[PDB]
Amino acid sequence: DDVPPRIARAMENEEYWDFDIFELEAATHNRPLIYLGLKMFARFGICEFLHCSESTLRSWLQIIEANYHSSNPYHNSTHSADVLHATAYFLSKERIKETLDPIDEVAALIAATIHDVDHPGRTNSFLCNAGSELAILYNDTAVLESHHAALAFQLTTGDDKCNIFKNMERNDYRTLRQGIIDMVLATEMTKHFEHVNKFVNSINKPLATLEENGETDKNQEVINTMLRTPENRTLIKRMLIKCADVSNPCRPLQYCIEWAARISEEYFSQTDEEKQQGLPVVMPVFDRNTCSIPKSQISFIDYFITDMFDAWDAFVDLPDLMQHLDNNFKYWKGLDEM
């Protein structure tokens, strides 16, 4: 409530897509998530739904943000706040507003907040090759995604002052827990094409089929009944967390570039550590001594971003994201020059 002035000004236009996430990061002193979380959760009315106090939410936001590693270039608490900001923005669109229910909005906002908690600036494949404690613990299977979700529930329910779920119904919490886990596990890179194709086949193609019938009141109710089933909501939630997680190439160019630098530097570090130790190089192209960052972003956009956001856009209508996506793609091309 009683927030300082620069951070208050930094969080002024958080409903808008164009938002200065790095000014918030600078102003909050590597604590963007607690400030942005408090505003978002209050605006969506999350503690009113969960029956937590504002103090239990402050304690919760602090302990999870504390477990984000500041030393990570990209996977730090600013990424989580960025991913939280995009999640809120997608939940605020009419399509999602008239498809998802209140309990899904809470699962989405929480999942965004925790999805990368205690990330070690390293990929799953590094941990598996290295034989890390988590790779042995999770059996080389969604090693970090499992850990992010697990630790988040360990820190939440392990302390009474941090437990934002303590005043819930047994059945509401069990449903919410399942929804958070699913969305956090859905961010694993290996399941990308499985989750994009399920979204196209179960949502976009059936919805495009029903679009031929014309705008009718009976036809809208059939569209409403089909989309609002538990399965298709799970497919929409997975798509929403996936798009928010990698929404950086759809940002204003200044932010797009900054995100590319952070993620690249984090992969350059891993590749240096793989060479020094003699581990098998999983990302050979991402070495500081060989990598073109503009070319690597173009390739990244082609393989993952283009088809995924095209499908999400066709469902939600995100012209500003796709307009930024075109401008940023064209900027990366413009840096060749020879």
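Think of the rigid core as the biggest set of C-alphas that the two forms share within 1.5 Å after superposition. Sequential numbering from 1, following the sequence displayed.
Remark: when the other structures in 8 other deposited structures of this protein are fitted onto this one via the rigid core, 209 to 217 deviates more than the alternative among 90 to 98 and 209 to 217, judged by RMS CA distance. Comparing the deposited coordinates for 168 to 176 and 134 to 142, the stretch with the larger average C-alpha B-factor is 168 to 176. Looking at 51 to 59 and 298 to 306 together, the entry lists the larger mean B-factor for 51 to 59, computed on C-alpha atoms. In the deposited coordinates, the residue among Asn76, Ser92, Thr187, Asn163 with the greatest CA B-factor is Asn163. Listed residues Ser264, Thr113, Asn219, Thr123 were ranked by CA B-factor as deposited; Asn219 comes out on top. For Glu12, the recorded CA B-factor ranks within the highest third of the chain. Only modelled residues enter the ranking. In the deposited entry, the Cα temperature factor of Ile241 places it in the lowest third of its chain's modelled residues. Ranked by C-alpha B-factor against the other modelled residues of its chain, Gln270 falls in the middle third. Ranked by Cα temperature factor within the chain, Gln254 sits in the middle third according to the deposited record. Among all modelled residues in this chain, the alpha-carbon of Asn248 has a temperature factor (C-alpha) in the lowest third.
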